[PDB]
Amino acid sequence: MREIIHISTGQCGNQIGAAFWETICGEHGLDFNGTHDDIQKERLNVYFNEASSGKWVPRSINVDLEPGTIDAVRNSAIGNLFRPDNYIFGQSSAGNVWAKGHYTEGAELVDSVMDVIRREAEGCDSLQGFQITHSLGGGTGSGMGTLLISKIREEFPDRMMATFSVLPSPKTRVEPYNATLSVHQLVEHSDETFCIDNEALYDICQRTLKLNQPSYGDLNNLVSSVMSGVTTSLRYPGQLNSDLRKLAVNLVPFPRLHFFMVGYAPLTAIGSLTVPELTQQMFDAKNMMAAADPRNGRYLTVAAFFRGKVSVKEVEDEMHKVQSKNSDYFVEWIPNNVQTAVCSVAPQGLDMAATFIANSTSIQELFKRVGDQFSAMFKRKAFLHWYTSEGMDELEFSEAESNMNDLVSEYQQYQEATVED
């Protein structure tokens, strides 16, 4: 039944994961302690583990290197249906330094959470992999999360490693360090990494949703709405991308090029839609969640997901048309870049919605700006003491910088015409 194990890491990771679980509960038709259309019940054992009671508890693990935010979800509404022994937390945080979470205090907690997932896997017919919600900006989410990834693959070498990475933005002064280090790790160990830019996320809430001074919560509603729509193919039968491996093959042409952008539609929260309108609003840069120019660049592969009261034929005719008009944005040497999936289940309360997973080469601008910030500090050898006092090295920094730089070089490289070898 191909089960999936979710791991939340850090404040952002545990808060985002929380919104994800709170969302897909209703879609599957569950109470906030785990209890119609019957499609909601089919792939229910993918994200939820059947407790001998007819009641479901999420196959989730909530790790943070400090009780702070993990305490918060603990006594919130969905704090119920979470397995009490899936909560892992240390005494003191990691003060926003990647080194502590990855070498010192984070590594000491890793073994304790491994027991949980090792016990969890001992309850799966045939587990397919893991998904990780974390933030590259901090010290626990980036540092411990990546260390968790590397050791999870050492124990489960043939399982899928999906990841929902949250990218920091210029608005603490060491976020580029932590993000560049985690990226250096993700490019070597992550099978799938959905990149979500906090700047784009913020701009949607402020410009589109006209929320004056938005909160992390509002930011998470968009992350959650995307994650739900993304995993639609994973929680409902008779689809296209049913596995985490099938989805990866269709989306990842080259091993170290597995970082994707996400888009969601509709968004506008006034205070019905038509398939062609929805499709236009899906490819709209105003409806994207990454501060890079998607029109300037090329899509390597695309995977859209339509949900709700929408006919398959009218969705397929609309995607095929959109691909014709914008055939210059889709790479020529990958015939059929786009996989379009339709689901009858509605996100509620919405008649229909569309989720957008793109492997665009324009994402280089995300790694570009961060690499430009990493450099400006690394040249001055700034803030190093806080990292190098945890057992880190200046060489490891230069590796992360030069590595992620090559990552960019590859994206720009593949924006070339039909050339042999």
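Start at 1 with the first residue shown and count on from there.
Unmodelled deposited residues between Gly271 and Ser272: 4 to 9, per the record. In this entry, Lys171 is separated from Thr172 by 1 to 3 residues of the deposited sequence that have no coordinates. Higher mean CA B-factor, judged across 93-101 and 224-232 from the recorded values: 93-101. Set 54-62 against 358-366 and average the Cα temperature factors; 54-62 ends up higher. The residue among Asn241, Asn80, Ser327, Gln131 whose C-alpha atom has the highest B-factor in the PDB entry is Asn80. Ranking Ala121, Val322, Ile149, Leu211 by Cα temperature factor from the entry places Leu211 first.
Among all modelled residues in its chain, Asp197 ranks in the middle third by Cα B-factor. Ranked by C-alpha B-factor against the other modelled residues of its chain, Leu181 falls in the lowest third. When the CA B factors of the chain's modelled residues are split into thirds, the value for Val302 lands in the lowest one. Among all modelled residues in this chain, the alpha-carbon of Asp317 has a temperature factor (C-alpha) in the lowest third.
For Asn14, the recorded CA temperature factor ranks within the lowest third of the chain's modelled residues.
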